[PDB]
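**Q** as a preliminary step, the opening chains of the complex are given here in situ:
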Amino acid sequence: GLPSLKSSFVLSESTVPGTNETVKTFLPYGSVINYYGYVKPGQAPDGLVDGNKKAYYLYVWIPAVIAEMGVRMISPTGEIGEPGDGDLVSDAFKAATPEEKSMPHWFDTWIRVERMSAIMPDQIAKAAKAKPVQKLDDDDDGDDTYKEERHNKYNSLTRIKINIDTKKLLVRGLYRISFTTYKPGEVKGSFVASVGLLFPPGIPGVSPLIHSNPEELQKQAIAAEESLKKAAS
Amino acid sequence: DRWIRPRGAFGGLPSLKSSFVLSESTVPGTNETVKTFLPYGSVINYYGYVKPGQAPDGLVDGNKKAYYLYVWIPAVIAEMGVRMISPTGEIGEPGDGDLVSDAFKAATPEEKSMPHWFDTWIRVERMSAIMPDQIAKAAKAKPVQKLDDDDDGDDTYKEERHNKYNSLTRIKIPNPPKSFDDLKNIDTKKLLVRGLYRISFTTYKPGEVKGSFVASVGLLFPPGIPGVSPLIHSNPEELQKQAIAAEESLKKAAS
Amino acid sequence: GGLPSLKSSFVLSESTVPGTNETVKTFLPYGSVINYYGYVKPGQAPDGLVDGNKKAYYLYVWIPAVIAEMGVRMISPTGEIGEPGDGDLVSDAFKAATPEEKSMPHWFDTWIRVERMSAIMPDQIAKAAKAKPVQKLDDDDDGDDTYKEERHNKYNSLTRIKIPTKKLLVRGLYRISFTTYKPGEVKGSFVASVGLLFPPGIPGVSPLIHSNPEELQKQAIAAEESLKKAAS
């Protein structure tokens, strides 16, 4: 089903004699999260992008500078697969039928990454309600990880990585990822979002944390630093 | 359109391909992905040998031995690929269509293999010529702009005989651009517009060096269109003769 | 003789004529040239509008990889010059027009605009055509010097976009607007010419041109499919 979301960091490379091909081995992200959603006409989104595009959010708390972040969005999901263990699944997606999650129902995806104002774990729920601080990137039709043949190649993919611009320094802070649409107004279909972070996972207060609910992210981000405090005394 | 088709009828030396990705597919259950690249319209391989006490084509920065290939470009080209590997012995011998220096011909199989080798280095420069009959002239004159330098960039040949010091550089236009705003100011170090270019195959280390090397040049442009396709040669006079004839052929054909 | 060739600005040959006042130069032809015959009829819908009030007709150009120069020309009227030949694009309105309608005194002051569209892959072409331009590369009003105009003031259009950086024709979709100096209603025939300095007929590498974006996409897609296949 879903192809792995890997970093752009090349570990190994070898060309295949007598062909135009070359095999590349990429360093995987320390942590990857998949998010299954469903856009139903007449159903409220998490928010709007540029005032008229339905958007759904994932929030990322980064305790310390990270080399690269990968973001991907594909629609639809039916022909690819269903959520597995550890995947995030929206209520709308659970309610949707196999037929609703497959062709011909889909939409033209769009991704936007923004830096929020929070710089401490307990400011996360607050910053989520506040306006963005800087837009880091937008991508329309960038995906090349999934061989899309059900329709035009309109799936999204963006990699934010490293006088280099500040718009790609993933330093300590809160980030919001908007999974949205190319087309303004009403749209219909399933989608799967993927987020990868190039950093060792599972080190409380040091490793990045991801969630769709800011309040929940805060709770976890706070506990994680408390754990780090405790260990350091 | 035989140039798009794959094949090196393999004999050691990995193909030098462009950075333009035609196809991509990941292998499930692994960390690997298979990429198909667009080949250069024309690729030339050049086999040389650096013998201590033997005069080079010239010097780089006054103390590095250098050997030249000259490239005449009739009209803008998307990308140029340059590669340099040392030594050659364990890879293969020159085939049909490959340039071979006199020094390389004289060298023995033993001389062309480990432990004899050197740390490669590539430099690309724009010369002054803008017309085919100015080529021999511009070759004698000083460079006009340095486009690039590469020390240890090669990733096409899996080097295991020594540290990965082989050279590889690709000069190109952003494809795709990071933004549409990119397009309004492209670093001129990258515009392979009409003109003469000199590639210096040289060394990391100053002074005397010893060993064989194979140089590769690829140009992303349809080959074999007289006066339109790029030409490559190690001798500037010869390059001029050919570049002149080619444009004459173009002139003629145009009446 | 009819319609003069549209050639690039690259000089191949040059020689002056002793004792006389003119010079003769040989120019490199474009790899591909396409001619388009149109007719602007009052009360007939254009392809679109330029600046909100100028009738416009489009040609779309898909460029797989950087190109040195593009040449665009536009002349009105056509009657006294000639009729379309084989391989020329001809609008329905032009086909319907009579010889009388296609000749003086019916004509208009031509205008050309070239714009970069958003598409960077063949299957984004139809989409980008419906979207707003991304950058304007050039405008020309009275630039033509290829056709000796003597039927009226020299108002014919000619623009060459080239390198001696927005105006570098890198991979992407371009829209050429054949339009008018004058806002509002205009009447007359016109012949457009597009030249691209690049070897023709190399599928997935050579440029493609078409007045219909959907058709252009179909062809651009097939061409890269052919290029894929050949490379494997």
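**A** That came through, no problem. Numbering: from 1, shown residues only, chains lettered A, B, ... in the order given.
**Q** what ranges does chain A have for its helices?
**A** A:91-95, A:124-129, A:214-231 (DSSP state H).
**Q** those: which one's closest to chain C?
**A** For the helices of chain A, proximity to chain C was assessed by Cβ to the nearest Cβ; helix A:91-95 is nearest, at 26.6 Å. To be clear about C-beta, it is placed using only N, CA and C from the backbone, and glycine gets the same treatment.
**Q** show me what the closest one is packed up against.
**A** Judged by 3 or more Cβ pairs under 8 Å, 6 or more residues apart in numbering or on different chains; DSSP states H and E, the packing partners of helix A:91-95 are strand A:31-39.
**Q** neighbouring strands for the strand it packs on, and are they parallel or not?
**A** Here strand A:31-39 is paired, per DSSP bridges, with strand A:88-89 (parallel), strand A:189-197 (antiparallel).
**Q** winner for burial among those strands?
**A** Greatest average neighbour count among those goes to strand A:189-197 (a mean of 25), per mean count of other Cβ atoms under 10 Å in any protein chain shown.
**Q** may I have it as CSV, with CA atoms only?
**A** Output in CSV follows, covering the C-alpha atoms of strand A:189-197 (Å, rounded to 0.1, in the frame of the first residue of the first chain):
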residue,chain,number,x,y,z
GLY,A,189,-12.7,12.8,-0.9
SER,A,190,-10.4,10.9,1.3
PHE,A,191,-6.7,11.7,1.9
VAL,A,192,-3.6,10.4,3.6
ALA,A,193,-1.1,12.8,5.1
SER,A,194,2.5,11.8,6.1
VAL,A,195,4.9,13.7,8.2
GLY,A,196,8.6,12.7,8.8
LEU,A,197,11.2,14.3,11.0
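**Q** here is chain D, add it in:
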Amino acid sequence: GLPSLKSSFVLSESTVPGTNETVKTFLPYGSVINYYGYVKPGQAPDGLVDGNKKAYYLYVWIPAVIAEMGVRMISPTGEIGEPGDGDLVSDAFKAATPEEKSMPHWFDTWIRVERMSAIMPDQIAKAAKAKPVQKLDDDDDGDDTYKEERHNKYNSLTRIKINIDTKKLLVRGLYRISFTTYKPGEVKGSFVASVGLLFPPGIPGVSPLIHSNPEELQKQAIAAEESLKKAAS
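**A** Following on from the chains above, chain D is added here:
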């Protein structure tokens, strides 16, 4: 003896009522290395700084961006303590007597951090022989971690951390730390150098590596990435 070298990242803070004091808890560096050396007149250094200052090198290989690096240099060492397990000790220091390692024998310390040219593990020995690429920082009398009372407070301390300048982006690459002197020419005395890196230790090919010998650093840096390769396939 030697005080811990900690990062500048504050985990906890609390003021003491009725006083001018406040207690701060700092996040320790993921890895800290101490290096014991001895400058003997007439003995060749690792190199020279600005052509006339004796210098001794530690090399740092950084696989991926790091938030902060701490560098410290103290002289002399006698009254503080001797090397323990895991500490680097030069041959000169081993040969020196307790008397030679104590007052009145000491010198005015100086630290310089430079980015080298290597960007791959096997280029490390090479880059070490080559000229620096950028100077990141110098410090003369910055130390405030060790209460110096044997002489003027001339010990060195520098923290390199995060349009912010490139001279503090500790991205992937080789770094050379020069432990040198304020005074040009001959100097005499023991010294202890400390290096800290704000990053999780012991993750092969991801965690930073430190050594005084570039060739040895290369060997370890290479093996570490090989290990990472292997794990990723």
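**Q** now the most centrally placed residue in chain A, which residues is it bridged with?
**A** When Cα atoms, centre = their mean is applied to chain A, the residue found nearest the centroid is residue A:195 (3.4 Å). Counting by DSSP bridges, residue A:195 forms beta bridges with residue A:33, residue A:71.
**Q** was I right to think it contacts residue A:32?
**A** Yes - under the criterion of Cβ atoms under 8 Å, residue A:195 is in contact with residue A:32, at a separation of 6.9 Å.
**Q** shared neighbours, the two?
**A** Counting by Cβ atoms under 8 Å, 6 or more residues apart in numbering or on different chains, the shared contacts of residue A:195 and residue A:32 are residue A:5.
**Q** ok, stretch A:53-62 near chain D or not?
**A** No - for stretch A:53-62, no contact with chain D is found by Cβ under 8 Å from any Cβ of the partner chain; the gap never falls below 10.8 Å.
**Q** could you do stretch A:6-24 as well?
**A** Yes - contact of stretch A:6-24 with chain D (Cβ under 8 Å from any Cβ) involves A:11, A:12.
**Q** one more, chain E:
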Amino acid sequence: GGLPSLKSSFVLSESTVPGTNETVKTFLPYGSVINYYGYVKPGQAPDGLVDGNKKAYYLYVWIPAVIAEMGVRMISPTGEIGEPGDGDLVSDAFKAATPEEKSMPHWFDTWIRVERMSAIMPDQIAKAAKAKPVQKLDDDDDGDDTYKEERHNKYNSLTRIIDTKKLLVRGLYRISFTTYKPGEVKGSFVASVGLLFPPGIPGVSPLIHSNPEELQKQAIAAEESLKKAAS
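**A** To build on what is shown above, here is chain E added in:
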């Protein structure tokens, strides 16, 4: 016959030839054109030196009032092209040279430089000529496209002269006819200078001469003539 006219870059007429390679262009001729025939003989002193080591030969131009364009051209050799005619300047070295000496294989890689001198009044001309240049307007190596060169590589020179100062306002200009190659060179050459301005209006039309003193004498008399007419 031989020597092609040197015309301005001003296009009067244009017409393309249907079904062919060509478009024919009619150019505005310069108001005045002067041709200068010289010969570089090894061991013979030049007028001066360019960049200290290139032999150079001078033409001086006095311009009473702003001019649109100046054209400068230099070709080597001259033998196969033609001999000087009436109104052409001819150096003594050229007169002494034989037909053989003026033909292939004897020639050199030409080079042109144009410089503004200090004079701004006619009677300062001889003085400014001895003084250092004031500004360099242009250099050209291999610019010529007026003569179809086939005897050797196309190395003949041609130059046509927050914003710029290639402005030909009132003042003295020196044209240096020189060589690409430093040091000794051998061969004949023909230099052409065109000025886009009506000729023969004393004190208003430009004057040209290889000898600065002579140029001064004429420039002075010309303005004296203009004075007189105006009173």
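**Q** with chain E now part of the structure, what is the answer for what packs on helix A:91-95?
**A** In terms of contacts (3+ Cβ pairs under 8 Å, 6+ apart), helix A:91-95 is packed against strand A:31-39.
**Q** got the contact list for the strand it packs on?
**A** A:2, A:4-5, A:45, A:54, A:56, A:58, A:77, A:83, A:86-90, A:92-93, A:95-96, A:100-101, A:107, A:179, A:181, A:187-197, A:199, A:201, A:207-208, A:210, A:212.
**Q** could you do stretch A:223-233 as well?
**A** The contact list for stretch A:223-233, computed with Cβ under 8 Å, 6+ apart, reads A:63, A:121, A:204, A:205, A:206, A:209, D:11, D:12, D:25, D:27, D:28.
**Q** next: stretch A:207-218.
**A** Residues contacting stretch A:207-218 (Cβ under 8 Å, 6+ apart): A:30-31, A:33, A:35, A:46, A:56-63, A:66, A:88, A:90, A:121-122, A:124-125, A:127-129, A:195, A:197, A:199-201, A:220-221, A:224.
**Q** tell me how far it is from the chain's mean position?
**A** Averaging C-alpha positions (Cα atoms, centre = their mean, to the nearest Å) puts stretch A:207-218 13 Å from its chain's average.
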